[PDB]
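In C-alpha cells, the next block holds one chain alone, the form deposited in one PDB entry.
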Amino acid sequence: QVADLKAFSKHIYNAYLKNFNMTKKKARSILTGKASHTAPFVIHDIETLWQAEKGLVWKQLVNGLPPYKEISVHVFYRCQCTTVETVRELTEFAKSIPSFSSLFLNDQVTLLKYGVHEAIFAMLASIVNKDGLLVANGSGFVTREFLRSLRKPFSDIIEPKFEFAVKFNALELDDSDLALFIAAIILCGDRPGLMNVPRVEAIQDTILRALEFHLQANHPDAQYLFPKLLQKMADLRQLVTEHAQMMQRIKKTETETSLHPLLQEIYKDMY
C-alpha cells in the first residue's frame, strides 16, 4: 500500500534501531573530521594494537599473540568474536520481523545460517572508510593498510569486503533503507534446505515492495534503487561465496587457528 506499507517499512526500522548499537549514521558520525566529540584510537601497527588491547579494554589478556597465536591470527580471532556478536543481533533483529517469527524455528535457522553473513558484510559498509574500519563500539579504528599488512593466509580476507564497502556506500543509503535492505536479505527464499519456500518468498516480496516505495520517499534522484541495490544483494551472495572459500582453505592449512563453533556450523554446505 502507501501507509500499511509505510508502517511496515517503519516497524522493521525500529527493530533495526533497537538491535544494532552501531548505526551507519551514528558511525558516519565518528568518521567525520571536525569532530572531537569522539576520537577513535587509530591502530595501523603492532604497538598500537597492543596498547589498544588495554586502552580499549578487551577481555582476552592484554593482547594475545605469543609463539602459538600471533598478531594476524589474533585479529582474525578478534574478527570472529564481533561477527559472532553481530550474528546475535541479526537473530534478534530477524525475530523482530513480522512474519519471520511465523516461520518454524528450523526455517528461521536456515534463513539466518545462509543470510546472516550477506547481511553482515552489507552493514560492514556502515562502519567503513576508504582508510580503515571502526571497531570496539566506535572507540577503535583499525586502518585498512594495517590489515593488508597481515600474514599471507589472512590479510586478504578483509580487503574485498572493503572493495564492496566503498562502492556500496556510494549509493548513499541510510539506516531506514538499511533496515529494509537487511530484512530482505535475511528473508531469502533461495536458501538451501528451506522448508516453506513459498511463504518465505512471499514475505520477501512485501519486503522488496516496502523497500520499493521507501526508496521513493527518502531517495528521489537516481536509479540505484533496486537494479543496483538488488544487484548488490547478488554481489553480496558472491562475496560470501568467496569468503566461505578462504575460510575453507584456512581451516585446511591454518590447523593452528581455531574457529568458533557457531561459525563452523554456518559453514559446511556453502560452495
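The term rigid core refers to the maximal set of C-alpha atoms that superpose within 1.5 Å between the two forms. From 1 onward, residues are counted along the sequence shown.
Not on display, but discussed next: the form deposited in another entry.
K.L.:
Superpose on the core and compare between the shown form and the other one; which one of 42, 202, 35, 246 crosses the 2 Å Cα shift mark?
P.N.:
Spelled out, the residue whose C-alpha shifts by 2 Å or more is 35.
K.L.:
Does superposing the core leave residue 217 with a CA shift of 2 Å or more between the shown form and the other one?
P.N.:
Residue 217 C-alpha, core-superposed: shift of less than 2 Å.
K.L.:
Since the Cα-Cα distance for residue 23 and residue 38 shifts by 3 angstroms or more in the other entry, is it a contraction (closer) or an expansion (farther)?
P.N.:
Compared with this form, residue 23 and residue 38 lie farther apart in the other entry.
K.L.:
Answer with closer or farther for the CA-CA spacing of residue 224 and residue 128 in the other entry compared to the shown form; it moves by 3 Å or more.
P.N.:
Residues separate in the other entry, at least 3 Å farther apart.
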